[PDB]
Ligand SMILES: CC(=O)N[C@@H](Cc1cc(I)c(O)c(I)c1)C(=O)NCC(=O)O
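Read the single chain below, which is given as structure tokens and is the form solved without this ligand.
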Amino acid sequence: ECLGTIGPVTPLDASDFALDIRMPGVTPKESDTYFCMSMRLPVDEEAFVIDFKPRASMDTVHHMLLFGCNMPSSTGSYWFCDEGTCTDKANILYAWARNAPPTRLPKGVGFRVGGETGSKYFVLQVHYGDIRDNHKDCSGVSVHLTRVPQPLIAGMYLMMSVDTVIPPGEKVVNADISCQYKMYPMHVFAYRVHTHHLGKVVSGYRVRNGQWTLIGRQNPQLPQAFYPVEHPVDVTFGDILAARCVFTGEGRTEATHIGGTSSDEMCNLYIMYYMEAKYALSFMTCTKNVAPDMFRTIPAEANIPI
């Protein structure tokens, strides 16, 4: 429901509070409309996002995304997300998908927000799929925040292409992404893939001593939630992280490159990890392809579509 007089901030005890991030009674007019709003953190000192509860109108909402950043794109009450999520780096934290219910964060794992370094804003993205009561929508996510230092820190290792070109009518275009991991060990517990209409399959592995350990494999045309990892996977100083997207050009009249519009593409694998608080960092990114010849021994599963 829509909040009203009671406010978005709910105390749970002396150190915990829930924060409801809701669309400010919005009303769409077209199909596939993307709405976005932001919420400054109520505390200025450091806190840990320890849990998420979805509050979605199961009739209208296709998916939701929650980000953490410091410069939301619009100082507005809400905006068309085409304008942008964040001017700075948008950190993904939560992803709700309609027909793919999210898995909870492991216990003891939490994101670092606020303080000197952590995110100062939450930004919410709500995709509306199908559209007549003239109702004002307040769908969103309720977020459990604590000030208690969590022993394990959640983080994101984003893997993304940039230089990809998909020629028109080209049967198979591969986008390889590879990086050497150079931090304290991390443990991947969930993953999410992102592609636009041209992607067929996305796969992420850990290569250690020349052997591929599957992190995640998915059709990007399937709902784009965070799916849990079958068996938790440690990546460690030395290991190489490797991802491939498979694209088709068939159907397109002109060549497609990486971009933000629906006629552009994207090969994004979001690896969600946790680290020991004392070693932890919160976000890593790989946009390089440091070991391209290594992809010669990529598992055949990464090329056959699920």
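One-based numbering along the sequence shown.
There is another form of this protein, the form solved in complex with this ligand, and it is not shown here; the text below is about that form.
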query	finding
Contact of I258 with this ligand in the entry with it bound (heavy atom, 4.5 Å)	yes
4.5 Å heavy atom contact, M39 and this ligand in the entry with it bound	no
4.5 Å heavy atom contact, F35 and this ligand in the entry with it bound	no
This ligand contact at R192 in the entry with it bound, heavy atom, 4.5 Å	yes
Complete contact of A97, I131 and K288 with this ligand in the entry with it bound (any heavy atom, 4.5 Å)	no
One stretch from 214-222, 167-175, 154-162, 116-124 that, in the entry with it bound, holds residues within 4.5 Å of this ligand by heavy atom	154-162
Partner contacts for 73-104, taking this ligand in the entry with it bound and a 4.5 Å heavy atom cut-off	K89, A90, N91, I92, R104
